[PDB]
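**Q** Quick one: this structure, given as C-alpha cells, is what I'll be asking you about.
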Amino acid sequence: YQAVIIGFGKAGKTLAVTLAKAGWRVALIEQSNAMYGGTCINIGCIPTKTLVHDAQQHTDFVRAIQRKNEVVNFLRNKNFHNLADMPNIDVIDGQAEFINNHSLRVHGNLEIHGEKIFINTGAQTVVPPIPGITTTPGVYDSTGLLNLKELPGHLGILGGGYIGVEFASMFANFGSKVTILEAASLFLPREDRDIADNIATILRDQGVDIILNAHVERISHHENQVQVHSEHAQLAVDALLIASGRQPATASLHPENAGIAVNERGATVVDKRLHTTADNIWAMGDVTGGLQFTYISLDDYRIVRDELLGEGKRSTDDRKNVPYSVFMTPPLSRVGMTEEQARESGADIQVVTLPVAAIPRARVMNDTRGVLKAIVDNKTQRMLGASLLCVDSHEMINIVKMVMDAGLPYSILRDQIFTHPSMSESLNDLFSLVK
Amino acid sequence: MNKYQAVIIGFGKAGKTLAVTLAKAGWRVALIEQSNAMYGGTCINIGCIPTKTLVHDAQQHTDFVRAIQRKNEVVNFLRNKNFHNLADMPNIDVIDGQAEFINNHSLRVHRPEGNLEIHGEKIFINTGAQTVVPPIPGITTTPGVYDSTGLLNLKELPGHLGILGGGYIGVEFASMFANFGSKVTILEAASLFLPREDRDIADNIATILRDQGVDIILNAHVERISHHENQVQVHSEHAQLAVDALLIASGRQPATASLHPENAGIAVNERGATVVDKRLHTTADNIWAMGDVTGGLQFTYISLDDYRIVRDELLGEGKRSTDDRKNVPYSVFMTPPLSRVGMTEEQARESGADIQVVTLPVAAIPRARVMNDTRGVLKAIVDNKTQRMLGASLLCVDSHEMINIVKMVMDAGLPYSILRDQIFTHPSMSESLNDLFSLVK
Ligand SMILES: Cc1cc2nc3c(=O)[nH]c(=O)nc-3n(C[C@H](O)[C@H](O)[C@H](O)COP(=O)(O)OP(=O)(O)OC[C@H]3O[C@@H](n4cnc5c(N)ncnc54)[C@H](O)[C@@H]3O)c2cc1C
Ligand SMILES: Cc1cc2nc3c(=O)[nH]c(=O)nc-3n(C[C@H](O)[C@H](O)[C@H](O)COP(=O)(O)OP(=O)(O)OC[C@H]3O[C@@H](n4cnc5c(N)ncnc54)[C@H](O)[C@@H]3O)c2cc1C
Ligand SMILES: [Cl-]
C-alpha cells in the first residue's frame, strides 16, 4: 500500500478514490464497521438536516426519525460501494494505531504498512467536567439525541453555539419546549449586532428559552426528569443535549510512535499544505483544527491532490471568503466580515438592510422572517460581507461569495438578471440601496 | 388637468418601477391602470405569485381549498402593498380607467363615470399580454373551459384536468394539480413534447409527470369542444376525451388592440406587438414600450431589465440597450423545477465545436435525499477549446437558485473550473456543482 488513509472522512473518502484511478494501490481504514462515509453521513449534517427539513414541515417526530434511518442507510451503503467497487482499494475494518512512520496496527489484528499515510479521524464531542454528566439518564450528545425513541416535552440545551441553535429550532418545530443555556453574556457572540437579536426573537416565538450568563454545577435525575442545578435553582427537562463543541480525535492513534506532533487540544499541527512533523504523513479535515466543515475537509483533499498528482502547489492560505450556515428555520448563512468587523478597520463602509417582507418569494413559501444584510466598501465598490437570514439563504450566499472571490463590485448583483420568482433575486433590491 | 412629464399605461413591472423612480427624481408621473384588481401587475395577481404559491402548497400535499384561500390573501396583501408604493408619493397620480390614444401627446382614459383626457411629455406603453384563444368551435360557450386566470380561482379541485397545449405555462399547471391529487391530461398539438429542449431532458420530465398520472397525448389538434355529459368533451382524430375542467394553455400575445396605437403613430406587427428599438423607443417620438407588449420574452425579469434601459436614457448615465442581453436564464416551476441557461445539447452538437457533455443524476446529490426528491437530472455543456460552458440543464429541487450561479460564470466568461473548485455551503443544492464539472474528461 503506497497510500493509507485513516478514517472514512470527506477528504479521505475523496482522496482514496482519486488515487486508485491514478494507478495508486490504496487502503483506507475505518473503526466504525457499521457507519461508513464519515461523520457527515451518519452523525453529522446529513442526519441533522434530514430531520430539520421534517421539522419545518411539522411532521411526526418518530416517523421522521425512521426517514432519517432509511436516508442514512441509503447513503452509507453507497459510500461503501464507492470504495469497494474500485479494485485498487481495500476497506479494512477496525481501529488503527501507529506503530511507526510507515507502519500501522489495526484491530483479530492486522499489520498494514504504507509509504504515505493520510489521517481523517476527525473530531469528537468534548463534554465539560460537570458533576453528573457521567451517569445520568436523559443526557444525550449530538449522536445520541439523533436516535431518540420518543419526542421530549421539554428539551434543554447545554451550549449556545451554532450546533445548539440548529437543534433548538429543530425540536421547537417538532413541538417541544426548548431551553438554551450558554454561559455567555451575548447570544451568538461571534455574530452581528442585530442579527443575533433577530434570531433570538425567531426562536423565542417558538417557545425557545435563551438563558444567558448561566452556570451549571450538577446534573441529576429527580423524579422522571433531568435536573440542571445553578446554585439553589433547578431546571426540569425530559432530555438534555450537550452542544459543547468538537475537538480532534487523535488519541487512539498514538501519534507519538510516528513522530506526529499535536497541539494542546489534540489537533495535529500541519503545514500550509497539510504536512505534519512526519515528512511522509498528511492530515486533512478536523484533525487539522481548522474550520469544522465538510467543504473545508474536501478542500483539504484538493490541496493534497494538487501535490501528489498536480503541477505546482496550492495551500490553505488561498482560502478566502469561506462561507458558513446555521441550518435553523429560517437558516442563517454568512460570508465575509460582520458589521463589527467591517468598522474594526480604517475603511469607511455602507451597510443597509432589506426586510424579508419585501421579498415576494418569501410570501410564496409561507415564511417571512429574518433580515438580508450586506456590507459594501465604497472605496473600491467591493463587498466585504453579507449576513442572509431567510429562506434558502444557504443557496443564496454562494452567489454572494462567488462575486467577492472574483473581486467584482457590488454593481453586478444590483443589475444582474435573476430568475423569477426567487430568493436570489432579492439581491437586485438588496444592493440597490447602496448610494 | 395639467400636462404630465411622464405617463405610464399599465401597472406592470417596468411601469411600476419607473413611476417610483421618476417621482423620486421629481418628475410629474402618471400611471394609468384599467382595473383595481390588477394593481401590481400580472405577476402579482394572475402570474407568478398566485401560481407559485399553489405549487408550494401542492408539493406539500395541502388541501386544495385551503391553498386557494392562502393564495388569495397573498395576492391581496401584495396588491394593496403595490398600490401604496405608488399612490403615497405626491408626484404620482394613480389614475384608474382604460387608456386610449388620441394623439402623440393626448390620451383618453375611459372612466365609466365620465371620460378624462391626460396629456404627457413622455408616454410609456406597458400593457402586457392577454391570453390567446385558439380558433376552435365550442370554447367560448362550454362552461367548463378556463384560462390560466379563471383556473386559479376554482372552488375545489377537479377530478380530471385537461391542458390544451404544452409549453412551460402548460406543464406548470400539469404538475401542480397532479400533486394536488388530480389526473391531468396535457394535449399538446406537436410531434415532440417540449420541442425546444433536449430529448434526454424532455424524457426525464415526461417520466416525472407520468408517474403522477399525467398522460402526454401528442400529434393531437382538437376540432370541437362539447359538454356532452357533465364533463367537457374534447374531440380529435383519435379517441375523444372527457374532463371535469379544461385549461387552455396556448400562449399570450401583446394587448394593443384596445390602446389603438394607430392614432399616435406607434407601429404594431401582425401578432400585435409594439415595434421597439434596442432602447425600447417606438416609431413615435417621446413614446416608449416596456414589457410583453414589445413582443419580447415574457418574463418579469426581462420587463425589469426594460426599465433599466429606459431609466438609463431618462435619468442619464449614457445609454444601454437590449443588445446587452446574453445567456438569459429561465425556469419551469414544476416539481422538480427545470432551470435552463445557455444552449441546448442539440445546438451544441449542431455548432460543430469541440464539446463535452457532462451528466450527474440527482440521486447522487446528497441534498436531494435530505429534501426527499431524488428525481431529475443535471446536465451541462463545456467547450474543450475555451474551457467555457455553452449551456446548462438543471432538473432538480431548487434549480431556480443554482441556475443563477451558472449564469454568473457564463457572463463573466470564466472557465468551467471556477465551479469545479469552489467552497460551497454544505449541505446544499449548489455544492453538487462541484461534482458535476469534475466529470469532464
Ligand atoms: C451534529 C453535527 C452537525 C454538523 N453539521 C454540519 C453542517 O451543517 N455543515 C458542515 O459543513 N459540517 C457540519 N458538521 C461537521 C461535519 O460532519 C464534519 O466537519 C466533516 O464531516 C469533516 O469530516 P472530516 O474530513 O474531518 O472526517 P470525519 O468524517 O470527521 O472522520 C470521522 C470518521 O473517521 C473514523 N475514525 C475516527 N477515528 C478513527 C481511528 N482512530 N481509526 C479509524 N477510523 C477512525 C470515524 O469512525 C468516522 O467514520 C456537523 C457535525 C455534527 C456532529
Ligand atoms: C400563468 C403565468 C405564469 C407566469 N410565470 C412567470 C414566471 O415564473 N416568471 C416570470 O418571469 N414571468 C412569469 N410570467 C410572466 C409575468 O407575470 C409577466 O409577463 C410580466 O409581469 C410582464 O408584465 P408587463 O411588465 O409587460 O406588464 P403586465 O403586468 O403584464 O401588464 C400591465 C398591466 O396593464 C394593464 N392594462 C392592459 N391594457 C391596458 C390599457 N388599455 N390601459 C391601461 N392599462 C392596461 C393590465 O391590467 C396589466 O395588468 C407568468 C405569466 C403567467 C400568465
Ligand atoms: Cl441567450
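Going through the C-alpha cells in order, the chains are called A, B, and so on, while each chain numbers its residues from 1 and the ligands are numbered from 1 in the order shown.
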Ligand 3: which residues are within 10 Å, counting only C-alpha atoms and all ligand atoms, as a list in words?
**A** residues 325, 326, 327, 328, 329, 341, 342, 343 and 391 of chain B
**Q** May I ask you to extract the residues of chain B within 8 Å of chain A, using only C-alpha atoms, and to give them as number ranges by chain?
**A** B: 48-49, 52-53, 56, 74, 78, 299-302, 305, 328-331, 366-367, 369-371, 400-405, 423-430
**Q** What lies within 12 Å of residue A:307 using only C-alpha atoms, ignoring chain neighbours under 5 positions off, as a list in words?
**A**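 What passes the distance filter is residues 15, 19, 273, 274, 275, 282, 300, 301, 302, 312, 313, 314 and 315 of chain A.
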**Q** Find the residues around residue A:173 up to 12 Å (only C-alpha atoms counted), leave out those fewer than 6 positions away in its own chain, and share them as JSON, numbers by chain.
**A** {"A": [51, 52, 53, 54, 55, 56, 57, 58, 59, 60, 61, 151, 166, 167, 202, 203, 204, 205, 206, 207, 208, 328, 329, 330]}
**Q** Taking the chain letters and numbering used in this document, name the residues of stretch 151-227 of chain A that DSSP puts in strand (DSSP E), as a VMD selection string.
**A** chain A and resid 154 to 158 177 to 182 209 to 212 218 to 221 226 to 227
**Q** Convert the current residue selection to file output with N, CA, C and O atoms, as a PDB file, in the first residue's frame.
**A**
ATOM      1  N   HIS A 154     -39.888  18.789  27.062  1.00  0.00           N
ATOM      2  CA  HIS A 154     -39.010  19.907  27.396  1.00  0.00           C
ATOM      3  C   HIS A 154     -37.575  19.452  27.171  1.00  0.00           C
ATOM      4  O   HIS A 154     -37.079  18.582  27.893  1.00  0.00           O
ATOM      5  N   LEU A 155     -36.914  20.034  26.175  1.00  0.00           N
ATOM      6  CA  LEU A 155     -35.539  19.693  25.833  1.00  0.00           C
ATOM      7  C   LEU A 155     -34.632  20.857  26.208  1.00  0.00           C
ATOM      8  O   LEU A 155     -34.848  21.987  25.758  1.00  0.00           O
ATOM      9  N   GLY A 156     -33.624  20.579  27.027  1.00  0.00           N
ATOM     10  CA  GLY A 156     -32.650  21.581  27.429  1.00  0.00           C
ATOM     11  C   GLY A 156     -31.359  21.423  26.646  1.00  0.00           C
ATOM     12  O   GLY A 156     -30.938  20.308  26.338  1.00  0.00           O
ATOM     13  N   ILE A 157     -30.735  22.555  26.327  1.00  0.00           N
ATOM     14  CA  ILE A 157     -29.512  22.589  25.534  1.00  0.00           C
ATOM     15  C   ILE A 157     -28.399  23.187  26.381  1.00  0.00           C
ATOM     16  O   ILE A 157     -28.562  24.269  26.957  1.00  0.00           O
ATOM     17  N   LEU A 158     -27.267  22.485  26.450  1.00  0.00           N
ATOM     18  CA  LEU A 158     -26.091  22.961  27.176  1.00  0.00           C
ATOM     19  C   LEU A 158     -25.084  23.480  26.153  1.00  0.00           C
ATOM     20  O   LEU A 158     -24.172  22.777  25.717  1.00  0.00           O
ATOM     21  N   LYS A 177     -40.856  22.202  23.959  1.00  0.00           N
ATOM     22  CA  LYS A 177     -40.245  23.373  24.569  1.00  0.00           C
ATOM     23  C   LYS A 177     -38.736  23.182  24.633  1.00  0.00           C
ATOM     24  O   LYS A 177     -38.249  22.114  25.012  1.00  0.00           O
ATOM     25  N   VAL A 178     -37.995  24.217  24.247  1.00  0.00           N
ATOM     26  CA  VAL A 178     -36.540  24.160  24.186  1.00  0.00           C
ATOM     27  C   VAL A 178     -35.965  25.233  25.098  1.00  0.00           C
ATOM     28  O   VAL A 178     -36.436  26.376  25.102  1.00  0.00           O
ATOM     29  N   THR A 179     -34.948  24.861  25.872  1.00  0.00           N
ATOM     30  CA  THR A 179     -34.252  25.778  26.769  1.00  0.00           C
ATOM     31  C   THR A 179     -32.770  25.758  26.419  1.00  0.00           C
ATOM     32  O   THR A 179     -32.094  24.742  26.616  1.00  0.00           O
ATOM     33  N   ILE A 180     -32.270  26.873  25.898  1.00  0.00           N
ATOM     34  CA  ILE A 180     -30.860  27.015  25.555  1.00  0.00           C
ATOM     35  C   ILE A 180     -30.134  27.644  26.736  1.00  0.00           C
ATOM     36  O   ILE A 180     -30.599  28.640  27.305  1.00  0.00           O
ATOM     37  N   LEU A 181     -28.995  27.063  27.111  1.00  0.00           N
ATOM     38  CA  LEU A 181     -28.200  27.533  28.246  1.00  0.00           C
ATOM     39  C   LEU A 181     -26.754  27.716  27.792  1.00  0.00           C
ATOM     40  O   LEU A 181     -26.021  26.736  27.635  1.00  0.00           O
ATOM     41  N   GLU A 182     -26.343  28.966  27.588  1.00  0.00           N
ATOM     42  CA  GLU A 182     -24.951  29.295  27.315  1.00  0.00           C
ATOM     43  C   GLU A 182     -24.446  30.275  28.365  1.00  0.00           C
ATOM     44  O   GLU A 182     -25.159  31.204  28.757  1.00  0.00           O
ATOM     45  N   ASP A 209     -36.240  29.131  24.994  1.00  0.00           N
ATOM     46  CA  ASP A 209     -35.873  29.939  26.153  1.00  0.00           C
ATOM     47  C   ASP A 209     -34.360  30.117  26.160  1.00  0.00           C
ATOM     48  O   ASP A 209     -33.620  29.171  26.449  1.00  0.00           O
ATOM     49  N   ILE A 210     -33.903  31.326  25.846  1.00  0.00           N
ATOM     50  CA  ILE A 210     -32.478  31.639  25.815  1.00  0.00           C
ATOM     51  C   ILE A 210     -32.086  32.189  27.181  1.00  0.00           C
ATOM     52  O   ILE A 210     -32.435  33.320  27.530  1.00  0.00           O
ATOM     53  N   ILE A 211     -31.358  31.390  27.956  1.00  0.00           N
ATOM     54  CA  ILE A 211     -30.876  31.791  29.272  1.00  0.00           C
ATOM     55  C   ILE A 211     -29.395  32.123  29.152  1.00  0.00           C
ATOM     56  O   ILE A 211     -28.577  31.250  28.837  1.00  0.00           O
ATOM     57  N   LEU A 212     -29.051  33.382  29.398  1.00  0.00           N
ATOM     58  CA  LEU A 212     -27.677  33.852  29.312  1.00  0.00           C
ATOM     59  C   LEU A 212     -27.063  33.968  30.703  1.00  0.00           C
ATOM     60  O   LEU A 212     -27.765  34.044  31.715  1.00  0.00           O
ATOM     61  N   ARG A 218     -24.234  20.803  38.650  1.00  0.00           N
ATOM     62  CA  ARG A 218     -24.606  19.426  38.949  1.00  0.00           C
ATOM     63  C   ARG A 218     -25.756  19.018  38.040  1.00  0.00           C
ATOM     64  O   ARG A 218     -26.575  19.851  37.644  1.00  0.00           O
ATOM     65  N   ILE A 219     -25.803  17.728  37.710  1.00  0.00           N
ATOM     66  CA  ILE A 219     -26.855  17.169  36.868  1.00  0.00           C
ATOM     67  C   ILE A 219     -27.310  15.853  37.484  1.00  0.00           C
ATOM     68  O   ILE A 219     -26.500  14.937  37.669  1.00  0.00           O
ATOM     69  N   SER A 220     -28.600  15.758  37.807  1.00  0.00           N
ATOM     70  CA  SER A 220     -29.168  14.545  38.383  1.00  0.00           C
ATOM     71  C   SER A 220     -30.456  14.166  37.663  1.00  0.00           C
ATOM     72  O   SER A 220     -30.803  14.769  36.643  1.00  0.00           O
ATOM     73  N   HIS A 221     -31.173  13.169  38.184  1.00  0.00           N
ATOM     74  CA  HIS A 221     -32.434  12.705  37.601  1.00  0.00           C
ATOM     75  C   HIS A 221     -33.446  12.549  38.733  1.00  0.00           C
ATOM     76  O   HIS A 221     -33.617  11.454  39.276  1.00  0.00           O
ATOM     77  N   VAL A 226     -34.594  15.091  34.057  1.00  0.00           N
ATOM     78  CA  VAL A 226     -33.226  15.555  34.247  1.00  0.00           C
ATOM     79  C   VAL A 226     -33.247  16.886  34.985  1.00  0.00           C
ATOM     80  O   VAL A 226     -34.125  17.730  34.759  1.00  0.00           O
ATOM     81  N   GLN A 227     -32.279  17.081  35.877  1.00  0.00           N
ATOM     82  CA  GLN A 227     -32.192  18.283  36.693  1.00  0.00           C
ATOM     83  C   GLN A 227     -30.881  19.000  36.409  1.00  0.00           C
ATOM     84  O   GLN A 227     -29.809  18.390  36.468  1.00  0.00           O
TER      85      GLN A 227
END
**Q** DSSP on the backbone: what in stretch 263-426 of chain B comes out alpha helix (DSSP H), as number ranges by chain?
**A** B: 300-314, 345-351, 366-370, 399-412, 417-420
**Q** How many Å separate atom 32 (C, counted along the ligand's line) of ligand 1 from atom CA of residue A:132?
**A**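 Here the two named atoms are 27.6 Å from each other.
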**Q** Expressed in Å to a single decimal, how great is the separation between atom CA of residue B:267 and atom CA of residue B:282?
**A**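 Atom CA of residue B:282 lies at a distance of 7.2 Å from atom CA of residue B:267.
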**Q** Between atom CA of residue A:63 and atom CA of residue B:179, what is the distance, to one decimal in Å?
**A**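 Atom CA of residue B:179 lies 21.7 Å from atom CA of residue A:63.
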**Q** Taking 4 positions as the minimum chain separation for residues in the same chain, which residues sit within 8 Å of residue B:30 when counting only C-alpha atoms? Answer as a PyMOL selection string.
**A** chain B and resi 4+6-8+19+92-95
**Q** Fewer than 3 positions away in the same chain doesn't count, so skip those; otherwise give me all residues within 12 Å of residue A:379, counting only C-alpha atoms, as a PyMOL selection string.
**A** chain A and resi 346-350+376+382-384+409-410
**Q** Measuring atom to atom with only C-alpha atoms and all ligand atoms, identify which of A:90, A:111, A:97, A:223 is nearest to ligand 1.
**A**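 Between A:90, A:111, A:97, A:223, the residue approaching ligand 1 most closely is A:97.
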**Q** Can you pull out the residues contacting residue A:222? Cut-off 12 Å, using only C-alpha atoms, and skip same-chain residues under 5 positions away; I want them as a PyMOL selection string.
**A** chain A and resi 136-138+227-229+234-238
**Q** Using only C-alpha atoms and all ligand atoms, pick whichever of B:260, B:279, B:70, B:155 has the shortest atom-to-atom distance to ligand 2.
**A** B:260
**Q** Which residue is closest to ligand 1? Choose from A:429, A:85, A:286, A:318 and count only C-alpha atoms and all ligand atoms.
**A** A:286
**Q** For ligand 2, which of B:25, B:174, B:412, B:436 is the closest residue, counting only C-alpha atoms and all ligand atoms?
**A**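 Checking each of B:25, B:174, B:412, B:436 against ligand 2, counting only C-alpha atoms and all ligand atoms, the winner is B:174.
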